[PDB]
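Form deposited in one PDB entry, single chain, as structure tokens, below.
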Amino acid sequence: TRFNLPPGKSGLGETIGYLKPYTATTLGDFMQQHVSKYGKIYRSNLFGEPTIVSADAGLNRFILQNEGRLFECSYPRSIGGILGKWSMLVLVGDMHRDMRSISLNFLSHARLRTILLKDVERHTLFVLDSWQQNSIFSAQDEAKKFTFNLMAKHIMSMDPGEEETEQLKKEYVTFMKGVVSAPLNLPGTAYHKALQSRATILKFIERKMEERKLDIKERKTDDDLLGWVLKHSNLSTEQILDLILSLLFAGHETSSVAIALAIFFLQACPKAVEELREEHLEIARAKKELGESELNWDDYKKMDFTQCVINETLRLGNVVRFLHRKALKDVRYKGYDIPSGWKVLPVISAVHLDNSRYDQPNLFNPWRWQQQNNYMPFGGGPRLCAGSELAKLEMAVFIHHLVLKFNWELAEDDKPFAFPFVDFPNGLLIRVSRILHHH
């Protein structure tokens, strides 16, 4: 083959072993064994392609920052099949840049600080005020309701707990299993089921688009993303559809996982919950003195220990395990040959769990962040998560009201696994009890 390729078993495929589920607060047996035997940069045959796998933090940074120059986003076909050819995980170059710009304006700082913050709180309370005490229920399911409803409101003005919002959410439950499965469009497979849901979702959104276009004729309307792209962009119908469909997927499957992880880590770390309660009680009490009832951006900026808990939740729990890229030309990195056209997987989660970068890396220790290259849960470079500031705001507002209203406990054993999407197999069943006297 090539003398300076990274070592490996095989440049004979290893996809099944690579994808075998593992405990989400580790890298799993397959990755650990390959790194122990071959080193942090190794070769394999994965997803049908010769592949370089990187658990090396410096190479991962280099890959992400040289997007569009030496490396390019290159996901398996199931992603583009389900999220669409105009989604941001498929688009490259100028079209990707323009889609990203639209996304950034809509999670733009100004809109985020004002209108979005206020909806985030209202949706947090819609969920928390429905919870019954001393009754087993799935925290993972409730977190996805919160974040999906919030996105449906922001993108298409859909109201939470209305029938059409609940039915739309049910369609999204098929997506993640389809995205990670073989792209066999055959009756009964997970990919076929997600494509059927895609068809249903697309029909729903395009009907709402046609209604909104009539509304804009009769001058009734651009306060949500759908209205915005209709009036202020020249995207085509299909481009709008994939933008909306894929942002609702992000609303189902990203920050909801993070919130479920936080609820799990925190019930095993009561000292962190006590310190969160002090922080949030002080914010609430100050607001009550002023007569304020809604959070504002200045309140959010006070949530310093909450940010420590958010950073630690993302570091330990690793919502995203690795990203898909390909080499755009031959790259020779510290002696290793990365040939043109090969797949390249930056395992962004690896640096988070490296005991030479983080003391006791498998421990939930939010104080490692307090008053404090090694942290990339949102990716990096020109594809750095465009929702990251909304994701942190959702987590923080949800924790704010969670710790003020309730104590909680696990109803049974559970722990998160990576499939590679992160999921609590037993649903993170909890019970809550209402706090009647704060300290």
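If you superpose the two forms and keep the largest set of C-alpha atoms that fall within 1.5 Å, you have the rigid core. Just count from 1 along the sequence shown to find any residue number.
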property	result
Residue 214 left out of the model in a third or more of other PDB entries	no
Unmodelled in at least a third of other entries of this protein, residue 366	no
Deposited residues omitted from coordinates between residue 11 and residue 12, as a class	1 to 3
Absent coordinates between residue 220 and residue 221 - deposited residues affected, binned into four classes	1 to 3
Segment of higher mean CA temperature factor, 134-142 or 349-357	349-357
Higher-scoring stretch by recorded Cα B factor average, 73-81 or 158-166	158-166
Member of 199, 276, 250, 214 with the greatest C-alpha B factor (per the PDB record)	214
370, 388, 407, 65, ranked by C-alpha B-factor: the highest one	370
CA B-factor placement of residue 24, once the chain's modelled residues are sorted into thirds	middle
Third of the chain's Cα B-factor distribution that residue 416 belongs to, per the entry	lowest
Ranked C-alpha temperature factor of residue 238 among modelled chain residues, by third	lowest
Where the record places residue 375 (Cα B-factor, split into thirds across the chain)	middle
Ranked C-alpha temperature factor of residue 334 among modelled chain residues, by third	lowest
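In what follows, reference is made to the form deposited in another entry, a form of this protein that is not presented.
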property: Residue among 77, 357, 122, 113 whose Cα moves 2 Å or more between this form and the one not shown, once the rigid core is superposed; result: 77
property: Residue 322 C-alpha moves between this form and the one not shown by 2 Å or more, core aligned; result: no
property: Residue shift check between this form and the one not shown, rigid core fit, residue 158 Cα at least 2 Å; result: no
property: Core-superposed C-alpha of residue 194 shifting 2 Å or more between this form and the one not shown; result: yes
